[PDB]
>>> print(open('protein25.cif').read())   # mmCIF, C-alpha atoms and all ligand atoms
data_protein
loop_
_atom_site.label_atom_id
_atom_site.label_comp_id
_atom_site.auth_asym_id
_atom_site.auth_seq_id
_atom_site.Cartn_x
_atom_site.Cartn_y
_atom_site.Cartn_z
CA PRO T 772 46.09 193.80 -39.29
CA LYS T 773 47.63 195.09 -36.05
CA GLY T 774 51.09 193.84 -35.11
CA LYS T 775 53.94 194.55 -32.71
CA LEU T 776 57.71 194.86 -33.12
CA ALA T 777 60.22 194.12 -30.38
CA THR T 778 63.93 194.69 -30.96
CA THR T 779 67.20 193.40 -29.55
CA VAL T 780 70.44 195.12 -30.55
CA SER T 781 73.64 193.09 -30.94
CA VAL T 782 77.26 194.35 -31.03
CA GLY T 783 80.12 191.93 -31.73
CA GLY T 784 77.61 189.09 -31.42
CA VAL T 785 76.69 190.24 -27.88
CA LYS T 786 72.92 190.68 -27.44
CA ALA T 787 71.71 193.58 -25.32
CA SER T 788 70.35 192.19 -22.07
CA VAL T 789 66.83 192.96 -20.88
CA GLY T 790 68.21 195.17 -18.13
CA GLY T 791 71.77 195.90 -19.31
CA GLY T 792 72.05 196.95 -22.98
CA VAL T 793 75.31 195.92 -24.63
CA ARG T 794 78.58 197.58 -23.61
CA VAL T 795 81.45 198.48 -25.92
CA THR T 796 84.86 199.83 -24.91
CA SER T 797 86.00 203.30 -25.97
CA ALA T 798 88.72 201.64 -28.09
CA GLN T 799 86.14 199.42 -29.84
CA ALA T 800 84.00 202.49 -30.60
CA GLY T 801 87.08 204.16 -32.10
CA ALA T 802 87.83 201.08 -34.24
CA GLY T 803 84.22 200.71 -35.40
CA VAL T 804 81.73 198.08 -34.20
CA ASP T 805 79.49 195.62 -36.03
CA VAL T 806 75.87 196.36 -35.07
CA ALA T 807 72.91 194.09 -35.75
CA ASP T 808 69.29 194.16 -34.63
CA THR T 809 66.87 191.25 -34.24
CA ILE T 810 63.24 192.22 -34.77
CA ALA T 811 60.67 189.98 -33.12
CA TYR T 812 57.41 190.65 -34.94
CA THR T 813 53.86 189.47 -34.38
CA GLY T 814 50.51 190.13 -36.08
CA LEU T 815 51.98 190.81 -39.53
CA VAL T 816 50.35 189.40 -42.68
CA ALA T 817 51.63 185.91 -43.51
CA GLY T 818 54.03 185.73 -46.45
CA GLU T 819 53.91 189.50 -47.11
CA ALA T 820 56.95 191.68 -47.87
CA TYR T 821 57.86 194.49 -45.47
CA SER T 822 60.30 197.32 -46.03
CA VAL T 823 62.19 197.64 -42.75
CA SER T 824 64.10 200.81 -41.88
CA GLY T 825 66.36 200.76 -38.81
CA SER T 826 68.10 203.80 -37.31
CA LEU T 827 70.73 204.05 -34.59
CA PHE T 828 70.30 207.28 -32.62
CA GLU T 829 72.35 208.92 -29.90
CA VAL T 830 70.12 209.04 -26.79
CA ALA T 831 70.48 211.46 -23.89
CA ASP T 832 68.01 212.33 -21.11
CA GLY T 833 65.45 209.98 -22.63
CA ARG T 834 65.43 211.59 -26.10
CA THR T 835 67.18 210.96 -29.41
CA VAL T 836 69.86 213.54 -30.16
CA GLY T 837 70.23 214.78 -33.75
CA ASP T 838 70.02 212.73 -36.94
CA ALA T 839 70.58 208.97 -36.87
CA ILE T 840 74.21 207.83 -36.79
CA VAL T 841 73.27 205.18 -39.34
CA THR T 842 70.11 204.09 -41.16
CA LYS T 843 69.57 200.85 -43.07
CA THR T 844 66.59 199.79 -45.16
CA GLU T 845 66.00 196.27 -46.51
CA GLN T 846 63.05 194.03 -47.39
CA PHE T 847 61.95 191.04 -45.33
CA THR T 848 59.13 188.54 -45.77
CA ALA T 849 56.77 187.69 -42.91
CA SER T 850 56.57 184.03 -41.84
CA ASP T 851 53.60 181.81 -42.67
CA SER T 852 52.24 182.54 -39.15
CA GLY T 853 52.63 186.34 -39.31
CA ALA T 854 55.06 186.16 -36.37
CA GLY T 855 58.80 185.52 -36.29
CA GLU T 856 62.22 187.17 -36.34
CA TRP T 857 64.21 189.24 -38.81
CA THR T 858 67.85 190.30 -38.40
CA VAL T 859 69.04 193.69 -39.66
CA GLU T 860 72.82 193.93 -40.16
CA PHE T 861 74.04 197.54 -40.13
CA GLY T 862 77.68 196.66 -40.89
CA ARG T 863 80.57 198.37 -39.10
CA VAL T 864 79.38 201.54 -37.37
CA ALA T 865 81.91 204.34 -36.91
CA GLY T 866 81.95 207.45 -34.75
CA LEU T 867 80.19 206.18 -31.59
CA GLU T 868 81.52 208.35 -28.78
CA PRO T 869 82.96 207.35 -25.37
CA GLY T 870 80.47 207.75 -22.52
CA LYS T 871 77.44 208.00 -24.86
CA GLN T 872 74.48 205.68 -25.38
CA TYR T 873 72.76 204.76 -28.64
CA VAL T 874 69.38 203.15 -29.34
CA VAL T 875 67.98 201.22 -32.30
CA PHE T 876 64.59 202.20 -33.73
CA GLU T 877 62.82 199.99 -36.31
CA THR T 878 59.84 200.58 -38.64
CA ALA T 879 58.25 197.87 -40.81
CA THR T 880 56.09 199.05 -43.73
CA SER T 881 54.23 196.52 -45.86
CA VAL T 882 55.02 196.82 -49.58
CA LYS T 883 51.32 196.19 -50.29
CA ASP T 884 48.32 198.11 -48.94
CA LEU T 885 46.91 195.82 -46.23
CA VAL T 886 44.93 198.11 -43.87
CA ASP T 887 41.46 199.61 -44.31
CA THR T 888 41.54 203.06 -42.67
CA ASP T 889 38.30 204.60 -44.03
CA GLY T 890 35.95 201.61 -43.68
CA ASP T 891 35.06 200.62 -47.27
CA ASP T 892 36.52 197.11 -46.74
CA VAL T 893 39.30 197.95 -49.24
CA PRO T 894 42.99 198.09 -48.12
CA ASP T 895 44.18 201.68 -48.60
CA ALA T 896 47.32 201.92 -46.41
CA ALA T 897 50.43 199.86 -45.66
CA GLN T 898 50.59 197.97 -42.40
CA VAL T 899 53.13 200.05 -40.46
CA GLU T 900 54.51 198.77 -37.17
CA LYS T 901 57.34 200.49 -35.30
CA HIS T 902 59.45 200.21 -32.17
CA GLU T 903 60.90 203.63 -31.31
CA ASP T 904 61.60 203.52 -27.58
CA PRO T 905 64.58 205.71 -26.57
CA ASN T 906 64.56 204.07 -23.12
CA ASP T 907 64.48 200.42 -24.26
CA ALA T 908 67.64 198.79 -22.82
CA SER T 909 67.32 195.78 -25.15
CA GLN T 910 67.84 198.25 -28.04
CA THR T 911 70.66 200.18 -26.32
CA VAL T 912 74.40 200.31 -26.94
CA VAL T 913 76.52 201.90 -24.22
CA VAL T 914 80.06 203.10 -24.92
CA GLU T 915 82.47 203.11 -21.96
CA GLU T 916 84.12 206.46 -21.20
CA CA A 1 39.71 201.57 -47.32
#
>>> encode(input="protein25.cif", output="C-alpha cells", more="lines below")
Ligand SMILES: [Ca+2]
Amino acid sequence: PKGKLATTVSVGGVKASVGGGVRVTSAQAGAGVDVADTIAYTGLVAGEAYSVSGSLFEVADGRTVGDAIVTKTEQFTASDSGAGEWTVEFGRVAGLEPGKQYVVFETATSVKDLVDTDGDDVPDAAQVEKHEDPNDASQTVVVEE
C-alpha cells in the first residue's frame, strides 16, 4: 500500500485557490475563524480506518514557525475504492496574526498494520501518508495586515 494525500484548506467556507490560498481580514483573525481542510486521498486500503492528525502552523520563509497553532485528530474510513475525500473541521481558530501566513499539514495513519517493511509477507507497520508542504498555497491561510 502506497498512497498520496492532497489538502485544500477552507476558511469561512472559502476554499484556498490553487495559486492564491485563502485570505482573511485582520478583524476576522481577531474574532476567530472557522478552519476546515479537505483531504483528497488515493491508494489507501479500501474500507480501512485511518487516524488523521491535522496541524495549522505559522509559516515564514518557507518553514513552519514554532508549535502548531491548533492540532486536531479524528478517525476516518477509506472509501471502497481506496480513494476519496475526508473533511477535517478544526472549529474556530483564535490568535492568527495580521500579516502572517499559516499552512495545514495532514498525516493519515492506518489503525491496523497494513504494510510489510521487512519482507516476510506479514503487515508490521501502519500505512502512513502525509502532506506537509509549507509552500503549498492550497493549504495556506493568509491574514491581511
Ligand atoms: Ca513484515
>>> residues_near_ligand(input="protein25.cif", ligand="ligand CA 1 (chain A)", cutoff="8 Å", atoms="all atoms listed in the file", output="PDB file with C-alpha atoms, keeping the file's coordinate frame")
ATOM      1  CA  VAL T 886      44.930 198.110 -43.870  1.00  0.00           C
ATOM      2  CA  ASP T 887      41.460 199.610 -44.310  1.00  0.00           C
ATOM      3  CA  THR T 888      41.540 203.060 -42.670  1.00  0.00           C
ATOM      4  CA  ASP T 889      38.300 204.600 -44.030  1.00  0.00           C
ATOM      5  CA  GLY T 890      35.950 201.610 -43.680  1.00  0.00           C
ATOM      6  CA  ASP T 891      35.060 200.620 -47.270  1.00  0.00           C
ATOM      7  CA  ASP T 892      36.520 197.110 -46.740  1.00  0.00           C
ATOM      8  CA  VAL T 893      39.300 197.950 -49.240  1.00  0.00           C
ATOM      9  CA  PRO T 894      42.990 198.090 -48.120  1.00  0.00           C
ATOM     10  CA  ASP T 895      44.180 201.680 -48.600  1.00  0.00           C
ATOM     11  CA  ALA T 896      47.320 201.920 -46.410  1.00  0.00           C
TER      12      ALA T 896
END
>>> residues_around(input="protein25.cif", residues="region 824-830 of chain T", least_positions_apart="4", cutoff="8 Å", atoms="all atoms listed in the file", output="list in words")
residues 834, 835, 836, 837, 838, 839, 840, 841, 842, 843, 844, 845, 859, 871, 872, 873, 874, 875, 876, 877, 878, 879 and 905 of chain T
>>> atom_distance(input="protein25.cif", atom1="CA of residue 849 (chain T)", atom2="CA of residue 814 (chain T)")
9.6 Å
>>> atom_distance(input="protein25.cif", atom1="CA of residue 864 (chain T)", atom2="CA of residue 806 (chain T)")
6.7 Å
>>> atom_distance(input="protein25.cif", atom1="CA of residue 851 (chain T)", atom2="CA of residue 781 (chain T)")
25.8 Å
>>> closest_residue(input="protein25.cif", among="T:865, T:818, T:904, T:882", to="residue 798 (chain T)", atoms="all atoms listed in the file")
T:865
>>> closest_residue(input="protein25.cif", among="T:862, T:805, T:881, T:778", to="residue 817 (chain T)", atoms="all atoms listed in the file")
T:881
>>> axis_aligned_box(input="protein25.cif", around="region 807-819 of chain T", padding_each_side="8 Å", output="lines of an AutoDock Vina configuration file")
center_x = 61.6
center_y = 189.9
center_z = -40.1
size_x = 38.6
size_y = 24.4
size_z = 30.0
>>> residues_around(input="protein25.cif", residues="residue 773 (chain T)", least_positions_apart="2", cutoff="9 Å", atoms="only C-alpha atoms", output="mmCIF file with C-alpha atoms, in the coordinates of the input")
data_model
loop_
_atom_site.group_PDB
_atom_site.id
_atom_site.type_symbol
_atom_site.label_atom_id
_atom_site.label_comp_id
_atom_site.auth_asym_id
_atom_site.auth_seq_id
_atom_site.Cartn_x
_atom_site.Cartn_y
_atom_site.Cartn_z
ATOM 1 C CA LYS T 775 53.940 194.550 -32.710
ATOM 2 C CA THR T 813 53.860 189.470 -34.380
ATOM 3 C CA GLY T 814 50.510 190.130 -36.080
ATOM 4 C CA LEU T 815 51.980 190.810 -39.530
ATOM 5 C CA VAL T 886 44.930 198.110 -43.870
ATOM 6 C CA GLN T 898 50.590 197.970 -42.400
ATOM 7 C CA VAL T 899 53.130 200.050 -40.460
ATOM 8 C CA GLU T 900 54.510 198.770 -37.170
#
>>> closest_residue(input="protein25.cif", among="T:809, T:883, T:820, T:803", to="residue 910 (chain T)", atoms="all atoms listed in the file")
T:809
>>> closest_residue(input="protein25.cif", among="T:774, T:833, T:853, T:801", to="residue 916 (chain T)", atoms="only C-alpha atoms")
T:801
>>> closest_residue(input="protein25.cif", among="T:776, T:793, T:804, T:787", to="residue 863 (chain T)", atoms="all atoms listed in the file")
T:804
>>> residues_around(input="protein25.cif", residues="residue 846 (chain T)", least_positions_apart="4", cutoff="8 Å", atoms="only C-alpha atoms", output="number ranges by chain")
T: 820-823
>>> closest_residue(input="protein25.cif", among="T:897, T:914, T:831, T:810", to="residue 780 (chain T)", atoms="all atoms listed in the file")
T:810
>>> residues_around(input="protein25.cif", residues="residue 915 (chain T)", least_positions_apart="5", cutoff="7 Å", atoms="only C-alpha atoms", output="JSON list (two decimals) with C-alpha atoms, in the coordinates of the input")
[["chain", "number", "residue", "atom", "x", "y", "z"],
["T", 794, "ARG", "CA", 78.58, 197.58, -23.61],
["T", 795, "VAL", "CA", 81.45, 198.48, -25.92],
["T", 796, "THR", "CA", 84.86, 199.83, -24.91],
["T", 797, "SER", "CA", 86.00, 203.30, -25.97],
["T", 869, "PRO", "CA", 82.96, 207.35, -25.37],
["T", 870, "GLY", "CA", 80.47, 207.75, -22.52]]
>>> decode(input="protein25.cif", residues="region 782-821 of chain T", atoms="N, CA and C atoms", output="compact mmCIF listing (two decimals), in the first residue's frame")
# COMPACT_ATOMS: atom_id res chain seq x y z
N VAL T 782 -11.56 28.49 4.83
CA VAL T 782 -11.88 29.39 5.93
C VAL T 782 -13.16 30.13 5.57
N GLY T 783 -14.15 30.07 6.47
CA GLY T 783 -15.45 30.68 6.24
C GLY T 783 -16.15 30.11 5.00
N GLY T 784 -15.87 28.84 4.69
CA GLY T 784 -16.41 28.21 3.50
C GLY T 784 -15.71 28.62 2.21
N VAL T 785 -14.63 29.42 2.31
CA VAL T 785 -13.85 29.76 1.12
C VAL T 785 -12.69 28.79 1.00
N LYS T 786 -12.62 28.07 -0.13
CA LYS T 786 -11.52 27.15 -0.39
C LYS T 786 -10.30 27.93 -0.88
N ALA T 787 -9.13 27.56 -0.36
CA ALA T 787 -7.87 28.08 -0.87
C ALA T 787 -7.77 27.71 -2.34
N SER T 788 -7.36 28.70 -3.14
CA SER T 788 -7.24 28.54 -4.57
C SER T 788 -5.81 28.10 -4.90
N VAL T 789 -5.71 27.36 -6.02
CA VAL T 789 -4.51 26.63 -6.39
C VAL T 789 -3.31 27.57 -6.34
N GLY T 790 -3.55 28.83 -6.70
CA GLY T 790 -2.46 29.79 -6.72
C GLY T 790 -2.67 30.99 -5.80
N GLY T 791 -3.56 30.89 -4.79
CA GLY T 791 -4.00 32.09 -4.09
C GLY T 791 -4.25 31.93 -2.59
N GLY T 792 -4.15 30.70 -2.06
CA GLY T 792 -4.53 30.48 -0.67
C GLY T 792 -5.95 30.98 -0.40
N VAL T 793 -6.26 31.19 0.88
CA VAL T 793 -7.49 31.87 1.25
C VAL T 793 -7.12 33.04 2.16
N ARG T 794 -7.72 34.20 1.88
CA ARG T 794 -7.40 35.41 2.63
C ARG T 794 -8.46 35.66 3.70
N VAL T 795 -7.98 36.10 4.87
CA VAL T 795 -8.84 36.57 5.94
C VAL T 795 -8.39 37.97 6.35
N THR T 796 -9.36 38.80 6.75
CA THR T 796 -9.07 40.15 7.20
C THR T 796 -8.47 40.07 8.60
N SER T 797 -7.75 41.13 8.98
CA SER T 797 -7.19 41.26 10.31
C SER T 797 -8.29 41.16 11.37
N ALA T 798 -9.44 41.81 11.10
CA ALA T 798 -10.56 41.81 12.04
C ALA T 798 -11.14 40.40 12.19
N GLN T 799 -11.19 39.63 11.10
CA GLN T 799 -11.69 38.26 11.16
C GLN T 799 -10.75 37.41 12.01
N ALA T 800 -9.44 37.57 11.80
CA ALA T 800 -8.44 36.86 12.59
C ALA T 800 -8.63 37.16 14.08
N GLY T 801 -8.89 38.44 14.40
CA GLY T 801 -9.09 38.83 15.78
C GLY T 801 -10.34 38.21 16.38
N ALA T 802 -11.39 38.04 15.57
CA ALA T 802 -12.66 37.48 16.00
C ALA T 802 -12.61 35.96 16.10
N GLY T 803 -11.63 35.33 15.44
CA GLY T 803 -11.60 33.88 15.29
C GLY T 803 -12.22 33.47 13.96
N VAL T 804 -11.63 32.45 13.33
CA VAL T 804 -12.10 31.98 12.03
C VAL T 804 -12.28 30.46 12.05
N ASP T 805 -13.34 30.01 11.37
CA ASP T 805 -13.63 28.60 11.21
C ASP T 805 -12.74 28.03 10.11
N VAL T 806 -11.88 27.06 10.47
CA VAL T 806 -10.95 26.47 9.53
C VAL T 806 -11.34 25.02 9.31
N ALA T 807 -11.35 24.61 8.04
CA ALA T 807 -11.57 23.22 7.68
C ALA T 807 -10.51 22.81 6.67
N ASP T 808 -10.36 21.50 6.46
CA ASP T 808 -9.38 21.02 5.50
C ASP T 808 -9.96 19.79 4.81
N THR T 809 -9.99 19.80 3.48
CA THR T 809 -10.42 18.65 2.71
C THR T 809 -9.19 17.89 2.24
N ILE T 810 -9.13 16.62 2.64
CA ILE T 810 -8.06 15.71 2.26
C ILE T 810 -8.55 14.88 1.09
N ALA T 811 -7.87 15.01 -0.05
CA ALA T 811 -8.07 14.10 -1.17
C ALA T 811 -7.01 13.02 -1.07
N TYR T 812 -7.46 11.77 -0.87
CA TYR T 812 -6.56 10.65 -0.67
C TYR T 812 -6.72 9.68 -1.83
N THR T 813 -5.63 8.97 -2.10
CA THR T 813 -5.60 7.89 -3.08
C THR T 813 -4.68 6.80 -2.55
N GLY T 814 -4.90 5.56 -3.04
CA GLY T 814 -4.02 4.45 -2.72
C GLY T 814 -4.02 4.07 -1.24
N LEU T 815 -5.14 4.33 -0.55
CA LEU T 815 -5.35 3.80 0.79
C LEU T 815 -6.07 2.47 0.66
N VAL T 816 -6.16 1.72 1.77
CA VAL T 816 -6.77 0.40 1.77
C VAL T 816 -8.28 0.54 1.95
N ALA T 817 -9.04 -0.06 1.03
CA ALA T 817 -10.48 0.11 0.98
C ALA T 817 -11.12 -0.33 2.30
N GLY T 818 -11.98 0.56 2.83
CA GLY T 818 -12.79 0.29 4.00
C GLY T 818 -12.03 0.37 5.32
N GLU T 819 -10.73 0.71 5.29
CA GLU T 819 -9.91 0.71 6.49
C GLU T 819 -10.00 2.06 7.21
N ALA T 820 -9.85 2.01 8.54
CA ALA T 820 -9.89 3.17 9.40
C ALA T 820 -8.50 3.80 9.46
N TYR T 821 -8.47 5.14 9.39
CA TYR T 821 -7.25 5.92 9.47
C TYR T 821 -7.43 6.99 10.54
